[PDB]
């Protein structure tokens, strides 16, 4: 499933930075019960950078196992080296995942032609649906609509997580692609506007802690009931912003701990513990959302 509220799920960790199966199970049961459309496993919010390839694969396989067919799972498979991306994708072929979320290469700043060749190569060697992922603030490069248009002609490149927050991209891309290409926001604070302009859903950080409201908001949006969706959005907006008061996923992991959804808010370096000022800001945003 590639519409509605899709959770960019945290990788819950114990005090030693190892994946906490009990906490992960609780999260997955929570999303099943709360109407989340799908789970993105080991994406940006899942600390993809600080898990090695084996750990990365373990978390995805564990998420699939715990999901037990009750909610679709999309694997984070992005890499800044084309060989690494292909290799990661091969690990998940025939795993039970429904799709892959694959970010533009970061740090090395490839050309648009390089992005084309990167994603074409990755798509060539799997039958899995591929969701492209653009987030220039993180990567140093910007996958432009023209190139998204080219890539969409590849059979199994079926959508994009557009995280710029630049809302003009919705219809610039939509115009260049077929009607079944999925446009998904990757920016919680502008996600409702993104849907109102033609987007089909959101891959959301806020959904980790406001799953039901996010699910309802996205359904109302899909139905054209924007004023109704916007009331929900207004109560989530502090959360949409303040979950980034310190680097994601620091705030959202702390929020999950505070709600009792995970056992510890531990991360891996270079992420560090939430500051006291950060706790207060996030707590206030949670209360505004009606969650505490």
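Numbering follows the first chain given and starts at 1.
Q: Given the B-factors recorded for C-alpha atoms, which segment has the greater mean, 100 to 108 or 175 to 183?
A: Stretch with the greater average CA B-factor: 175 to 183.
Q: Looking at the deposited entry, does 132 to 140 or 82 to 90 carry the larger mean Cα B-factor?
A: Per the deposited B-factors, the answer is 82 to 90.
Q: Would you mind finding, among 39, 229, 67, 252, the residue with the largest C-alpha temperature factor in the entry?
A: That would be 67.
Q: Quick check on the deposited entry: does the C-alpha B-factor of residue 215 sit in the lowest, middle or highest third of its chain?
A: Lowest third - that is where residue 215 ends up once the chain's C-alpha B-factors are sorted.
Q: Using only modelled residues of the chain, where does the Cα B factor of residue 258 rank: lowest third, middle third or highest third?
A: For residue 258, whose C-alpha B-factor we compare with every modelled residue in the chain, the answer is the highest third.
Q: Splitting the chain's C-alpha B-factors into thirds, which one does residue 95 fall into?
A: Tercile = highest for this residue's CA B-factor.
Q: Taking only the Cα B-factors deposited for this chain, tell me whether residue 71 sits in the lowest, middle or highest third.
A: Answer is middle: the recorded C-alpha B-factor places it there.
Q: Rank-wise, by C-alpha B-factor, drop residue 7 into the lowest, middle or highest third of its chain.
A: Residue 7: CA B-factor falls in the lowest third of its chain.
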